[PDB]
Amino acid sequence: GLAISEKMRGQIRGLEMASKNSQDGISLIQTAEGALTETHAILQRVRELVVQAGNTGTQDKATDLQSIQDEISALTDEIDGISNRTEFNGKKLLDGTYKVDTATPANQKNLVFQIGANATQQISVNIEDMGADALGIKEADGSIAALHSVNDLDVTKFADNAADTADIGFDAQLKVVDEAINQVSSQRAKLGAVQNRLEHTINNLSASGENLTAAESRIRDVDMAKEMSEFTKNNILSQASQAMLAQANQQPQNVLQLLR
């Protein structure tokens, strides 16, 4: 009897901690996803400004193109700001701290979620650098060459260079922006796949605790829950002494802990 209750309490608490861990992890992933949605939107605005600056026949370099470039530089400063400030419990998620390290794998830092209560039950997550100097046209080795990152954009160069000019023509600078957009989209999609895995993990943990405790889990939609809530409220009112017997069974020390 004691052995059964001890085994059950240990199972329940293990499931509860795994679920807390996994929800904490999904809230870190959501933090990164929300920040990258903003980076993506900034990059789309940069793209519009590059298209605008490409109309060099109607744009003056020292006024119009410089004004566009000043706006682009402020936007890429904001990309850098997002990459440097985005944090979860102090961990910088987007500045490359947690990137994959090909060149020196011992230096790689990972975001680890302990999603079960047992050995090996982890997910390991990496996030690439989402700063403006890390987005753009990548070399075969994953580096970015001079003039090929979002931080290097300079649309005033369009005034004096045809659109097909290597590296600095309109076509090449637009390609920097489009590669950056694809890289941010790819990073968002990879994090979304992690979020989907965590969601499935959390729902399995909830279902496991429900089966373990013989929970009544039949309420499965909002309108039914509303109806059953009114029923329960009325029965608390109409059978007050029964309600006290049913529920008024907590320990003060547990209540104190839960209200912290």
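From 1 onward, residues are counted along the sequence shown.
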{"item": "208 to 216 or 25 to 33, whichever carries the higher mean Cα B-factor", "value": "208 to 216"}
{"item": "96 to 104 versus 174 to 182 - greater average Cα B-factor per the deposited record", "value": "96 to 104"}
{"item": "Top Cα B factor in the deposited entry, candidates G131, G136, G116, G90", "value": "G90"}
{"item": "Which of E227, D64, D70, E38 ranks first by CA B-factor in the deposited coordinates", "value": "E227"}
{"item": "CA B-factor placement of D160, once the chain's modelled residues are sorted into thirds", "value": "highest"}
{"item": "Ranked C-alpha temperature factor of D60 among modelled chain residues, by third", "value": "middle"}
{"item": "Chain thirds of CA B-factor: placement of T232", "value": "highest"}
{"item": "CA B-factor ranking of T120, expressed as a third of its chain", "value": "middle"}
{"item": "Lowest, middle or highest third - CA B-factor, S143", "value": "highest"}
